[PDB]
Every structure is written in C-alpha cells, then in structure tokens.
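K.L.:
Dumping the structure here so I can ask a few things about it.
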Amino acid sequence: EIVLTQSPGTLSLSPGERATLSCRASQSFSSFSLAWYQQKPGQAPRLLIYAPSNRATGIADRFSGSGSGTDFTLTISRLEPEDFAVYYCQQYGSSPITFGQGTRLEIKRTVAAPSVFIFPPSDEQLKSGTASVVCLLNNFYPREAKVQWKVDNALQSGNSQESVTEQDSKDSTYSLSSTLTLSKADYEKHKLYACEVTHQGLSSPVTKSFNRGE
Amino acid sequence: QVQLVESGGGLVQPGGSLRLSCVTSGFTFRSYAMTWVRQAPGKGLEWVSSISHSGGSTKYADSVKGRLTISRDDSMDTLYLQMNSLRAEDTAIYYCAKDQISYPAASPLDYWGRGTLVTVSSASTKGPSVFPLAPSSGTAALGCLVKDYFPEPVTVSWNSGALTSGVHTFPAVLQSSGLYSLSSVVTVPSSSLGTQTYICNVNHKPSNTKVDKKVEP
Ligand SMILES: [Cl-]
Ligand SMILES: [Li+]
Ligand code: NA
C-alpha cells in the first residue's frame, strides 16, 4: 500500500499567517490522485481540494495544493479562525485507499494565565459513597500546564486525571479540568485539599485550596 | 442539498453484529459509488469499504474482509454495512460518504455524513450520576460532574441552551474503573449567584438517562 505521512503533526500559527502542510508518500504517484480533507471537532471530514488543486464547493481560494512524486503540500494563505482544524491527505489512485495520519492546525495567540478554581466533592456524591475533587484552569494559553494535588501536604501521584477543551472559538484559549479520585474514607479522614498550578503566564505557581468541613 | 445520515451504531459485545445504514437525499444515488470510512476515538481516518453505483463491485480493507459486507438499495437511496464477528478494534465512528464517480474507491469523497458511533465492548450500559460543582463563597465558576457512565456519549447544556457564553464542557475521561466521567463548567457574574438559576441539562441517550440539575451555592 501507499503510506502517507503528514508533517508536522501539529502546526501552530497566528491568524493572517500562511500555513504549509506536508504529505509524503512511500511510493511516487500522480498529483491527480490526491485529495485533502478538513475535519473540525465533532464534525465529519469535508473535502477541501483535490486532483491536484480543484476546490470543493464552498472552499475559499486561499487553499491550494502543489507538489509531485512523493512530496505534496497544502498551502493556506491568510489563515482565518475558521480554518483551524485537522487536515488529512488521501490518495485514491492505487488500491487500497490510504490516508495520512492528520496534521492539527492550532491557533497561536498571546500567552494568557489560567484562572483557577477548586471544587470539593458534593454532599450528594459523598452520600453516594465516592469522592471527586475538581480543579479548573480556565481560559489559558499555551496548552502546557502542570497541576499538582496535595492532601494534608502529601503530593498525590497517579490518582488524578486531566481533560482539556478544544481551543475556544472566540479567544483561542484552552480550559482544563483535573479530577482527584479518593475514597470517601480518605476524603473524610484528611483536612486540607490543594491544587497548585504552574503555567507560563504565571510569574509563580498559583494554589487554590479548601479545608473539608470549613 | 446533499444529505447523508447514518444509523445503526451503538454498544455491542465482541463477536456481535450490527447493521449500519446511511439514508441519503439530494443527489441521484444510483449513479455514484459510495464508501464507508471509520475513525477510532482520538485516531485518524481509515477507509473501510466501497461499492460501485450498481452494487456489482465491492472493495474492502484487509482488516475487515469477511466480517463486514457493504451493500446498497438504490430504490431506497440507502447504503448499508452488515458487521459481524465484531472486535474491540472495530470501535470507531463510521462515516458514510459519496464518491465523485460511479466506480468504487477511485475518486475523492465529496460529501460525508456526521457518522454513527460503534462501541465494541463487554461492559454493560450504565447511566451517570450528576453532581453539582457549586460556586464558592466579580466572576464565579460552577459546573456539573457527570460521573460513571458507559458507553460514550453524554451531552451537556446549560439552562436548556439559553446559557452558552463561558461554558466549557470537557472531553470525557475513561476512569481506571472502565467507566467514563466528564465535567461541564460555566463562569458567571458573582452578583447573579442565588438569584439567577443555573441548571445543567445532561443526556446519556445510551441509557435513556436525562437529568436537569440545579447548581446552587
Ligand atoms: Cl471496479
Ligand atoms: Li443505569
Ligand atoms: Na504545579
């Protein structure tokens, strides 16, 4: 089969900049057998350009394709916020059909520190027999962020999970939740719960904490 | 106005079967080859199968040959995928797509459906519990923790969709228990707390669980 490898895996660019996305093939083939697709989160891929640079319906003239042989390029001039998505290349001239693994185009924006919030377990959850402590890091950039949990000053390692939003449509920031799982007994038998956040936008780490039952 | 809408996915046990369908409108269905593509959670696109305009030529990825069968009913403008002997690694969103020409797997895919999620797992369906993330005692954060459900997906809205500004609904995390959890949060004026009602609307259609939860200080 023809292997298609895209690069870079993630491309971070400012609106107004020109994007150059690469698709490289393990065997040479014709530009007339290549297509590109754009996929935004929660949506299906949409045909972008093809064979080699015909534009699908509704696709701006800022998208163009070039290259031959093994090295193909999708160029996006003057990036607009809507053009940030995952891009896939595809060849259909040799069986089987194959796709590149995708390049994510991320929006570069100005560094922004997170606003941090901590939430104790609800009485309802404790009544149901479990405990989750939640730390929220809101509207920050870049995505890199360290969350450290402490319970009665003991560093918690391995019992939290994190989730991050897609970039916000309006301000291009991220938000992140970190959830600490602890048994109801461990929750009731300790007192001070803290999440400490390190991020480029913060001159020094920020800690949010609460004392259970206070 | 090409339209493609998939159905037939859901949770099924390993070794089980599903019949996916894709109903279409807005183009002369009988004239075009049609294709299924799948996307495993967090992964890229993978071609599954294609069928010629007449149904006389079918093509399959090696990973699915003999277990998946593509077919079509031109009189019903519908494409099908009969899936048998399903495996965990068949878990994916399945997209139906229209080819540009009558021959299969030989042209761009010019229109795609939004997809149907197929989850192949021995775990049972379980509806979530919905817990408040209460605002602390001039902006405040509050939310809902949607805990311990299976399979994906859950949807969350706020105030039946009237509250969209400042909402962040996080991707679900698979817990070590094998159940999913996510949180949805919103930032609001501190001055509104206790006066404006904030309700998170949670739906887990796989378990027919639907909850509206008031979140208060
Ligand atoms: Cl053929
Ligand atoms: Li349930
Ligand atoms: Na930290």
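Ordered as shown in the structure tokens, chains take letters A, B, and onward, while each chain numbers its residues from 1 and ligands are numbered from 1 in the order shown.
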What are the residues of chain A lining chain B at 6 Å or less? Count only C-alpha atoms, and put the answer as a PDB file with N, CA, C and O atoms, in the first residue's frame.
P.N.:
ATOM      1  N   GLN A  43     -17.364  16.998  13.971  1.00  0.00           N
ATOM      2  CA  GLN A  43     -17.912  17.018  12.635  1.00  0.00           C
ATOM      3  C   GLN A  43     -17.220  15.981  11.768  1.00  0.00           C
ATOM      4  O   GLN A  43     -16.128  15.501  12.087  1.00  0.00           O
ATOM      5  N   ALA A  44     -17.852  15.660  10.664  1.00  0.00           N
ATOM      6  CA  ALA A  44     -17.189  14.775   9.724  1.00  0.00           C
ATOM      7  C   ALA A  44     -16.154  15.542   8.920  1.00  0.00           C
ATOM      8  O   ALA A  44     -16.246  16.766   8.783  1.00  0.00           O
ATOM      9  N   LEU A  47     -14.405  17.514   2.160  1.00  0.00           N
ATOM     10  CA  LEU A  47     -13.490  17.663   1.030  1.00  0.00           C
ATOM     11  C   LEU A  47     -13.051  19.114   0.873  1.00  0.00           C
ATOM     12  O   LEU A  47     -13.867  20.050   0.919  1.00  0.00           O
ATOM     13  N   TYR A  92      -6.209   8.075  -3.868  1.00  0.00           N
ATOM     14  CA  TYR A  92      -7.243   7.165  -4.368  1.00  0.00           C
ATOM     15  C   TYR A  92      -6.873   6.583  -5.722  1.00  0.00           C
ATOM     16  O   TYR A  92      -7.734   6.006  -6.390  1.00  0.00           O
ATOM     17  N   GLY A  93      -5.619   6.705  -6.144  1.00  0.00           N
ATOM     18  CA  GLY A  93      -5.230   6.162  -7.436  1.00  0.00           C
ATOM     19  C   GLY A  93      -4.666   4.760  -7.422  1.00  0.00           C
ATOM     20  O   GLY A  93      -4.425   4.193  -8.492  1.00  0.00           O
ATOM     21  N   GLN A 101      -2.032  10.515   8.469  1.00  0.00           N
ATOM     22  CA  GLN A 101      -2.455  10.414   9.868  1.00  0.00           C
ATOM     23  C   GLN A 101      -3.007  11.716  10.417  1.00  0.00           C
ATOM     24  O   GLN A 101      -3.469  11.739  11.561  1.00  0.00           O
ATOM     25  N   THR A 165     -10.137  21.203  26.856  1.00  0.00           N
ATOM     26  CA  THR A 165     -11.064  21.577  25.788  1.00  0.00           C
ATOM     27  C   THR A 165     -10.307  21.822  24.488  1.00  0.00           C
ATOM     28  O   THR A 165      -9.099  22.015  24.469  1.00  0.00           O
TER      29      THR A 165
END
K.L.:
Step by step, measure atom-to-atom distances between ligand 2 and each residue using only C-alpha atoms and all ligand atoms, keep those at most 10 Å, then write them as a PyMOL selection string.
P.N.:
chain B and resi 124-129+148-150+204+206-209
K.L.:
Just the residues within 9 Å of residue 191 (chain B), please, counting only C-alpha atoms, with nothing from its chain fewer than 4 positions along; format it as a ChimeraX atom specification.
P.N.:
/B:138-140,195
K.L.:
Would you kindly return, as an MDAnalysis selection string, each protein, DNA or RNA residue with an atom no farther than 10 Å from any atom of residue 53 (chain A), considering only C-alpha atoms and excluding same-chain residues fewer than 6 positions away?
P.N.:
chainID A and resid 31:32 34:36 61 63:66 74
K.L.:
Set the cut-off to 6 Å, count only C-alpha atoms and all ligand atoms, and list whatever residues fall near ligand 3 as a ChimeraX atom specification.
P.N.:
/A:146-148,196-198
K.L.:
Can you tell me which residues come within 7 Å of ligand 1 when counting only C-alpha atoms and all ligand atoms, ideally as a list in words?
P.N.:
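Using only C-alpha atoms and all ligand atoms, everything at most 7 Å from ligand 1 comes to residues 52, 57, 103 and 104 of chain B.
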K.L.:
Could those selected residues go to a file with N, CA, C and O atoms, as a JSON list (two decimals), in the first residue's frame?
P.N.:
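Resulting contents of part31.json:
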[["chain", "number", "residue", "atom", "x", "y", "z"],
["B", 52, "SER", "N", -19.65, -0.03, -5.90],
["B", 52, "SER", "CA", -19.94, 0.66, -7.15],
["B", 52, "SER", "C", -21.39, 1.10, -7.21],
["B", 52, "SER", "O", -22.25, 0.65, -6.46],
["B", 57, "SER", "N", -19.52, -4.29, -7.84],
["B", 57, "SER", "CA", -18.12, -4.32, -7.48],
["B", 57, "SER", "C", -18.03, -3.77, -6.07],
["B", 57, "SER", "O", -18.55, -2.68, -5.80],
["B", 103, "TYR", "N", -17.49, 4.35, -10.13],
["B", 103, "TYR", "CA", -16.60, 3.26, -9.79],
["B", 103, "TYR", "C", -16.11, 3.43, -8.36],
["B", 103, "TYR", "O", -15.82, 4.55, -7.94],
["B", 104, "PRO", "N", -15.95, 2.36, -7.60],
["B", 104, "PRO", "CA", -15.63, 2.49, -6.19],
["B", 104, "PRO", "C", -14.16, 2.76, -5.92],
["B", 104, "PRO", "O", -13.27, 2.29, -6.64]]
K.L.:
Could you check which of B:144, B:40, B:20, B:5 is closest to residue 98 (chain B), using only C-alpha atoms?
P.N.:
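Using only C-alpha atoms, the shortest distance to residue 98 (chain B) belongs to B:5.
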K.L.:
Excluding region 78-80 of chain A and any residue of its chain fewer than 3 positions from it, enumerate the residues within 6 Å of it, using only C-alpha atoms, and give them as a PDB file with N, CA, C and O atoms, in the first residue's frame.
P.N.:
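So the final result, stored in selection-v5.pdb, reads:
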ATOM      1  N   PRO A  15      -3.417  33.721  13.106  1.00  0.00           N
ATOM      2  CA  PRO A  15      -4.274  34.192  12.020  1.00  0.00           C
ATOM      3  C   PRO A  15      -3.505  35.218  11.200  1.00  0.00           C
ATOM      4  O   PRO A  15      -2.592  35.904  11.688  1.00  0.00           O
ATOM      5  N   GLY A  16      -3.781  35.220   9.915  1.00  0.00           N
ATOM      6  CA  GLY A  16      -3.049  36.059   8.977  1.00  0.00           C
ATOM      7  C   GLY A  16      -1.792  35.435   8.404  1.00  0.00           C
ATOM      8  O   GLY A  16      -1.299  35.890   7.367  1.00  0.00           O
ATOM      9  N   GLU A  17      -1.269  34.389   9.030  1.00  0.00           N
ATOM     10  CA  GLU A  17      -0.074  33.730   8.552  1.00  0.00           C
ATOM     11  C   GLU A  17      -0.426  32.701   7.482  1.00  0.00           C
ATOM     12  O   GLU A  17      -1.577  32.314   7.306  1.00  0.00           O
ATOM     13  N   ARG A  18       0.599  32.263   6.764  1.00  0.00           N
ATOM     14  CA  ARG A  18       0.484  31.236   5.736  1.00  0.00           C
ATOM     15  C   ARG A  18       0.875  29.891   6.319  1.00  0.00           C
ATOM     16  O   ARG A  18       1.941  29.761   6.936  1.00  0.00           O
ATOM     17  N   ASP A  83     -10.424  28.348   9.757  1.00  0.00           N
ATOM     18  CA  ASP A  83      -9.584  27.368   9.021  1.00  0.00           C
ATOM     19  C   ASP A  83      -8.719  26.565   9.967  1.00  0.00           C
ATOM     20  O   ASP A  83      -7.697  26.160   9.559  1.00  0.00           O
TER      21      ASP A  83
END
K.L.:
Can you pull out every residue within 12 Å of residue 81 (chain A), counting only C-alpha atoms, but drop anything in the same chain fewer than 3 positions away, and send it as an mmCIF file with N, CA, C and O atoms, in the first residue's frame?
P.N.:
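Below is the file part_13.cif, written as the result:
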data_model
loop_
_atom_site.group_PDB
_atom_site.id
_atom_site.type_symbol
_atom_site.label_atom_id
_atom_site.label_comp_id
_atom_site.auth_asym_id
_atom_site.auth_seq_id
_atom_site.Cartn_x
_atom_site.Cartn_y
_atom_site.Cartn_z
ATOM 1 N N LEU A 13 0.078 28.402 14.302
ATOM 2 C CA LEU A 13 0.261 29.620 13.527
ATOM 3 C C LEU A 13 -0.754 30.671 13.932
ATOM 4 O O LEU A 13 -1.860 30.369 14.369
ATOM 5 N N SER A 14 -0.359 31.929 13.748
ATOM 6 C CA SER A 14 -1.248 33.044 14.021
ATOM 7 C C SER A 14 -2.206 33.261 12.847
ATOM 8 O O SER A 14 -1.843 32.993 11.698
ATOM 9 N N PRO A 15 -3.417 33.721 13.106
ATOM 10 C CA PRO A 15 -4.274 34.192 12.020
ATOM 11 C C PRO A 15 -3.505 35.218 11.200
ATOM 12 O O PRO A 15 -2.592 35.904 11.688
ATOM 13 N N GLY A 16 -3.781 35.220 9.915
ATOM 14 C CA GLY A 16 -3.049 36.059 8.977
ATOM 15 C C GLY A 16 -1.792 35.435 8.404
ATOM 16 O O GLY A 16 -1.299 35.890 7.367
ATOM 17 N N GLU A 17 -1.269 34.389 9.030
ATOM 18 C CA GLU A 17 -0.074 33.730 8.552
ATOM 19 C C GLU A 17 -0.426 32.701 7.482
ATOM 20 O O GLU A 17 -1.577 32.314 7.306
ATOM 21 N N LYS A 40 -13.177 19.419 11.568
ATOM 22 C CA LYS A 40 -13.317 20.149 12.828
ATOM 23 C C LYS A 40 -13.916 19.266 13.918
ATOM 24 O O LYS A 40 -14.582 18.273 13.638
ATOM 25 N N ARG A 78 -3.289 33.409 4.454
ATOM 26 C CA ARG A 78 -4.064 34.268 5.331
ATOM 27 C C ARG A 78 -5.079 33.465 6.141
ATOM 28 O O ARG A 78 -6.298 33.583 5.988
ATOM 29 N N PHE A 84 -8.943 26.625 11.238
ATOM 30 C CA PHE A 84 -8.202 25.782 12.154
ATOM 31 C C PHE A 84 -8.978 24.490 12.452
ATOM 32 O O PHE A 84 -10.160 24.507 12.808
ATOM 33 N N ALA A 85 -8.323 23.363 12.218
ATOM 34 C CA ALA A 85 -8.968 22.058 12.080
ATOM 35 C C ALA A 85 -7.849 21.037 11.957
ATOM 36 O O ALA A 85 -6.669 21.405 11.915
ATOM 37 N N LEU A 105 -3.923 21.877 12.919
ATOM 38 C CA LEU A 105 -3.582 23.296 12.837
ATOM 39 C C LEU A 105 -4.179 23.983 14.060
ATOM 40 O O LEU A 105 -5.420 24.001 14.202
ATOM 41 N N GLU A 106 -3.302 24.469 14.941
ATOM 42 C CA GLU A 106 -3.672 25.077 16.229
ATOM 43 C C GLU A 106 -3.509 26.587 16.037
ATOM 44 O O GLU A 106 -2.689 26.936 15.195
ATOM 45 N N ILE A 107 -4.281 27.437 16.721
ATOM 46 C CA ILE A 107 -4.238 28.893 16.602
ATOM 47 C C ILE A 107 -3.217 29.421 17.600
ATOM 48 O O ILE A 107 -3.371 29.218 18.805
ATOM 49 N N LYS A 108 -2.189 30.116 17.134
ATOM 50 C CA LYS A 108 -1.279 30.808 18.042
ATOM 51 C C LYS A 108 -1.908 32.112 18.515
ATOM 52 O O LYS A 108 -2.465 32.877 17.722
ATOM 53 N N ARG A 109 -1.850 32.346 19.819
ATOM 54 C CA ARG A 109 -2.373 33.566 20.415
ATOM 55 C C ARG A 109 -1.439 33.969 21.552
ATOM 56 O O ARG A 109 -0.463 33.289 21.848
ATOM 57 N N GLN A 167 -9.604 24.528 21.454
ATOM 58 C CA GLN A 167 -9.435 25.973 21.542
ATOM 59 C C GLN A 167 -10.765 26.686 21.403
ATOM 60 O O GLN A 167 -11.607 26.308 20.576
ATOM 61 N N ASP A 168 -10.950 27.719 22.213
ATOM 62 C CA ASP A 168 -12.205 28.461 22.226
ATOM 63 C C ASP A 168 -12.392 29.192 20.900
ATOM 64 O O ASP A 168 -11.443 29.696 20.314
ATOM 65 N N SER A 169 -13.633 29.196 20.403
ATOM 66 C CA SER A 169 -13.931 29.748 19.079
ATOM 67 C C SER A 169 -13.712 31.235 19.032
ATOM 68 O O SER A 169 -13.309 31.787 17.991
ATOM 69 N N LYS A 170 -13.945 31.910 20.167
ATOM 70 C CA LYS A 170 -13.864 33.390 20.259
ATOM 71 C C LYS A 170 -12.446 33.840 20.624
ATOM 72 O O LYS A 170 -11.966 34.735 19.897
ATOM 73 N N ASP A 171 -11.788 33.264 21.656
ATOM 74 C CA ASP A 171 -10.471 33.798 22.141
ATOM 75 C C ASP A 171 -9.286 32.841 22.003
ATOM 76 O O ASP A 171 -8.169 33.213 22.374
ATOM 77 N N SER A 172 -9.498 31.658 21.432
ATOM 78 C CA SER A 172 -8.462 30.684 21.112
ATOM 79 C C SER A 172 -7.738 30.140 22.350
ATOM 80 O O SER A 172 -6.621 29.605 22.232
#
K.L.:
Please determine, counting only C-alpha atoms, which residue among B:71, B:63, B:58, B:3 has the shortest atom-to-atom distance to residue 87 (chain B).
P.N.:
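Going through B:71, B:63, B:58, B:3 one by one, the smallest distance to residue 87 (chain B) is for B:63.
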K.L.:
Apply DSSP to the structure's backbone, then extract all residues of region 26-203 of chain A labelled helix (DSSP H, G or I) and return them as a count of residues only.
P.N.:
18
